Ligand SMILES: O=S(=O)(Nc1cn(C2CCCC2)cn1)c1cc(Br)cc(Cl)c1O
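Only one chain is included here, represented as structure tokens and corresponding to the form deposited without this ligand.
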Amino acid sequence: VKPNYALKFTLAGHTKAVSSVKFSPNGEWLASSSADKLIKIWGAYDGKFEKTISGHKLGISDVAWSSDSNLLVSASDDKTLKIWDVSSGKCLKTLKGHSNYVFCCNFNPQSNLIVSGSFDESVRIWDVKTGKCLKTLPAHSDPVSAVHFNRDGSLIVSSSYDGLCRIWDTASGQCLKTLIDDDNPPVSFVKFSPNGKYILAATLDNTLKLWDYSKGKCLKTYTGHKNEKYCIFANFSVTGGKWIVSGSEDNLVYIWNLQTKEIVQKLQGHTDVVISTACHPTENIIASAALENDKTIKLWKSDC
């Protein structure tokens, strides 16, 4: 069984490289962040440009939706995160306290907290309602590439250029587990599986790995793509067949069979590094986004 993703829309409008695309949980929007300091909102199904959200003073590396699809948080090189009301476009809060670029962000399922990772090598946990920093974790000894809550909000997984993935107890901020791989390649991305049992981790040696983190055991590895230079997002695609999806530095979208690790599709058409992919929560739809020589977002649709 293999998917058949085909290009359906190309979304242009960002004026520098795109950094991140995410589908709203209610399925109807795509948000995109860019080095052009902007967030844009698009219709998930027809690619209709909806709006631009502005106010960060420098570029944005990541953006994330609240559970109810009403808010976004963005992480910027201006050392802040910003919480936005999606419908109004207004900045509700500015989260200050990181001392360097903010690289990554996520809401917990409750969407009462935001977690962020920074070039300042820390992970911060923030109160959505007040915008105040609740915890600062000395999580790593190099820039933090990714942060993600598990399914119940009780855990955070972080990844860093120091080569480590760490699992943190959200409520206490204390480290529950460190995963080290073999030869400590920088870990450029990490996120829990939907069922909360695994973490999917990208390392800058052209490798994705599926780990059982309680056991500290690698269960699957995925290769064949080029990932040595950028922190490229990776996804569990669960709407049809169970795939692993990732951008690649060869301008392609790679899709792997989660179980057999075989490449099942390569999506051609971006003309620069595919820095970000996202999988639609209910339809077999992939959003992909590329760097400076492309600066567009592409939406692909499959029957499975």
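Numbering starts at 1 and runs along the sequence shown.
The protein also exists as the form deposited with this ligand bound; that form is not presented, and the subsequent description refers to it.
> Does this ligand, in the deposited complex, lie within 4.5 angstroms of each residue among 198, 210 and 243, using heavy atoms as the measure?
Answer is yes for this spot.
> Given a 4.5 Å cut-off on heavy atoms, tell me which of 256-264, 39-47, 23-31, 64-72 is the interface stretch with this ligand in the deposited complex.
In short, 256-264.
> Taking the shortest heavy atom distance, is residue 154 within 4.5 Å of this ligand in the deposited complex?
Output for residue 154 is no: heavy atoms all beyond 4.5 Å of this ligand.
> Residue-level question: is residue 193 within 4.5 Å of this ligand in the deposited complex, judged on heavy atoms?
Close contact exists here: in the deposited complex, residue 193 approaches this ligand to within 4.5 Å, heavy atoms only.
> When the contact criterion is heavy atoms within 4.5 Å, does residue 135 count as touching this ligand in the deposited complex?
Because no heavy atom of residue 135 falls inside 4.5 Å of this ligand in the deposited complex, the answer is no.
> Check residue 180 for me: does it contact this ligand in the deposited complex (non-hydrogen atoms, 4.5 angstroms)?
Residue-level check for residue 180: no, no contact with this ligand.
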